[PDB]
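Heads up, the chain below is alone and in the form deposited in one PDB entry; it's given as structure tokens.
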């Protein structure tokens, strides 16, 4: 899967390359070069061909840079995949060579997946596809605020890099102009009386419904920075979490919650609760008030009313 990665690696500028310059550099035929080209077209890559001359990218992409990323971070263990099934799987598939905070990003995911068996959609270098491994001592017991924590953090990072208006949805997504901007998939394995092993996936809509991307709201952030900022502050919070639970969030959450003090709809399976958000409880529980009556709920999905 090399060559592709090389090609792509040079077309990245958004300029013209004749199959001529490419093949010599690559030390291969124009002929060979056209096959790789296909592979590319396949990764969501939009290659513009001009028959016997050369190739071009409609748009210039910015690839991930291990080193750039590695660079910062402070003490970091990151895997930078270019191509893979899915960032979550990769780690799930390897829970025991892993340690807390281990991460990885890919340029493109062949089987990107969401919550409730939904396809994620992960074209080469258009966005941010990331996952982080974390282990919890008490075990399966937690997670809940773990995820609140994650969304919270992400909102902060975004907010600080530009995108000043990003908010959070209880319990798993980022919002902007009320459309879904990022998606979060947390997956746990546990035992009774034994650590919970967590794999956390975050998907962020960068490049250009009900869904929204950073580019449409006109925000144009650096990928590598983004990346690196994320991992660093999550490592930081997952600890803090590890050490305290929600205690430290709560107020954080309230100021970023997109639906607080608004009409919504909560459902576990097919069961519909209707009313007003009063936030979250000390247990990452949703607060729902129905007729001057506030109550806690740890499940279902939240849409608006």
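Under this definition, the rigid core comprises the largest set of C-alpha atoms superposing within 1.5 Å between the forms. Positions refer to the first chain, counted from 1.
- Per the records, residue 120 is among the residues left out by at least a third of the other compared entries, whereas the shown structure includes it.
- Per the compared records, residue 191 is unresolved in at least a third of the other entries whose models span it.
- The entry shows a gap from residue 208 to residue 209, with 4 to 9 unmodelled residues of the deposited sequence in between.
- Between 183-191 and 142-150, it is 142-150 that carries the larger average Cα temperature factor according to the deposited entry.
- Between the stretches 36-44 and 267-275, it is 267-275 that shows the larger average CA temperature factor.
- If you compare the C-alpha temperature factors of 256, 31, 236, 246 in the entry, 246 comes out highest.
- Among all modelled residues in its chain, residue 60 ranks in the highest third by Cα B-factor.
- When all modelled residues of the chain are sorted by CA temperature factor, residue 52 is found within the lowest third.
- For residue 156, the recorded CA B-factor ranks within the lowest third of the chain. Only modelled residues enter the ranking.
- Looking at the C-alpha B-factors along this chain, the one for residue 66 belongs to the lowest third.
- Ranked by Cα temperature factor within the chain, residue 164 sits in the highest third according to the deposited record.
Only in words, not in the display: the form deposited in another entry, which the text now covers.
- Relative to the superposed core, residue 255 undergoes a Cα shift smaller than 2 Å between the shown form and the other one.
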